[PDB]
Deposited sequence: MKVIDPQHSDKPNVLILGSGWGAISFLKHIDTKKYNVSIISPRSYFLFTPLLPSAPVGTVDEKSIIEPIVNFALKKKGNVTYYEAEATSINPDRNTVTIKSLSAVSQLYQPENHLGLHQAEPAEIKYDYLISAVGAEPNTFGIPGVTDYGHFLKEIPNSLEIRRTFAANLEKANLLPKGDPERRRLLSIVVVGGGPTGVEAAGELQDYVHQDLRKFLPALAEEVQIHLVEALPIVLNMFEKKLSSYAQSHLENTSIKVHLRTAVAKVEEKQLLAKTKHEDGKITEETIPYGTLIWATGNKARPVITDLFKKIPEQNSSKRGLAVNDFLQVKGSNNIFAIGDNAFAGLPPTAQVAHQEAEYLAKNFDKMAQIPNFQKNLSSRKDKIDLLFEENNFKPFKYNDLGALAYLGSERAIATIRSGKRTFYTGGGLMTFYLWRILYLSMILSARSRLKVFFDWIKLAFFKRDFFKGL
């Protein structure tokens, strides 16, 4: 029951799922004069995921790297509606999306209707076009215990969750005497995943331990040991070999114990079972005790997308995400598009890919606006002659700790960059600032780095 369906306007109802890179990048460029836009997301803010590994340790504040959805929609002149809720079912036959956990509805540039909704009431939202940018969710690979005893580094609440844990262990351990093995354990951190998230997380945590904790509890700081665990034989594989080594070396120089070729078989409350494959093909078992565990491995399709696989014939055998056209249309659907991590275009799950995908689609959308037939769709795209989506790989950036980073900057075939150390760390800084989506988020981080230069980090367990 309960169906929301506004259509007094002679504009198509475009409906966006998500408030991330895809969803927001799309919103930034969509023509609200030609279309009526509605957004559904449980998160009322955009999250600049690349600096999320700085939040917990407090290099940057959780508020500095987020921006309200409504601040974006305010720059769009036309009608924007934001439902603060989560999409539970996509219904292609009815062209609605069932939502759940409705917190709020904001109607911007709309001095008009009242939907008659109540909080936490279920409702179907009709759409003429659907853009699905709900992102992926963290994958535990069915490795038992991960969720029970570990923390993802994925959203903002995760950042607080980590600080509270580490804070609590610092407090508990410092009461125990130096000898106690429990004290050594509680001061142990284990970051699973040698992908940039994990590398940056391990590095940031270290910077704090070296630069801040040491300033007033050096007896503790010395006993803290940070482990990084990677199943592959190399860290940051998306970079050149030359840089993946320098990263690994530098991490080790900052006192991080890098466990290469090591796969976590199980996670217990106070330790995790690791298997390691060696050069000679032998498998050895290790036990790594831990106080804090950060799980920064790969991601996985959300149940809403899994749900949808079964409802469309030619998605039945999809797994990673929605199989999608060269025009980023969900195969088997006449009016649904998918961008970013919930889509499958055999491209890397990266904000870079989501950003481009979004822009391409938005431009296609105002192109559709000037064609009678859109006012069955599969064919019109090729018929009316506009390009398929071609991804342009711009490169990669990763902070390694101790004011060092690696970089590669390309466009197409040419590669032009500096990927060393201290120089690259500044580049990394600048480049990140620049590719932030808002002046506010930009100014906040600029100030956060200046205060860092003079006073180095806030670590409040209740804030």
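- No C-alpha positions are given for the deposited-sequence stretch 376-383, and it is the only one.
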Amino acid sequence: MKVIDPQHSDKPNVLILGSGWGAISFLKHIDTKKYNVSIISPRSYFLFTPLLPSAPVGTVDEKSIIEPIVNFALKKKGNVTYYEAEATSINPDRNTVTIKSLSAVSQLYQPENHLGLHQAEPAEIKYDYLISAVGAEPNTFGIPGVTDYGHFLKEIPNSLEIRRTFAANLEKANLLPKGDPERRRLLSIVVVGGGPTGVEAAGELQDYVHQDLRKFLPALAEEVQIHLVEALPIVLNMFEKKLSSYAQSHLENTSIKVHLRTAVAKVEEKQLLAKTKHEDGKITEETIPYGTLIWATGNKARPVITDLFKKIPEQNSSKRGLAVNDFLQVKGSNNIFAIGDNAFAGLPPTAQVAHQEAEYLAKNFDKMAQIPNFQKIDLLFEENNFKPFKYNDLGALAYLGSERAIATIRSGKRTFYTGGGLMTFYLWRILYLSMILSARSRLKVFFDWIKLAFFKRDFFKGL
From here on, numbers count along this sequence of modelled residues.
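So that the term is clear: the rigid core is the largest set of C-alpha atoms that superpose within 1.5 Å between two forms.
- Looking at 96-104 and 365-373, the one farther from the shown form in 7 other deposited structures of this protein by average CA distance, after a rigid core fit, turns out to be 96-104.
- Core-fitted comparison in 7 other deposited structures of this protein shows that, between 418-426 and 401-409, the CA atoms farther from the shown form belong to 418-426.
- Looking at 148-156 and 101-109 together, the entry lists the larger mean B-factor for 101-109, computed on C-alpha atoms.
- Comparing 82-90 with 359-367, the stretch with the higher mean C-alpha B-factor in the PDB entry is 359-367.
- Each of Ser132, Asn373, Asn169, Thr350 has a CA temperature factor in the record; the biggest one is found at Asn373.
- Per the deposited record, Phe416 carries the highest C-alpha B-factor of all listed residues (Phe416, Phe26, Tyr432, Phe46).
- Remark: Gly401 belongs to the middle third of its chain, ranked by C-alpha B-factor as recorded.
- The PDB entry assigns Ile65 a C-alpha temperature factor belonging to the lowest third of its chain's modelled residues.
- Ranked by C-alpha B-factor against the other modelled residues of its chain, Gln329 falls in the middle third.
- Placement of the Cα temperature factor of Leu176 within the chain: middle third of the modelled residues, per the deposited record.
- Among all modelled residues in its chain, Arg163 ranks in the lowest third by Cα B-factor.
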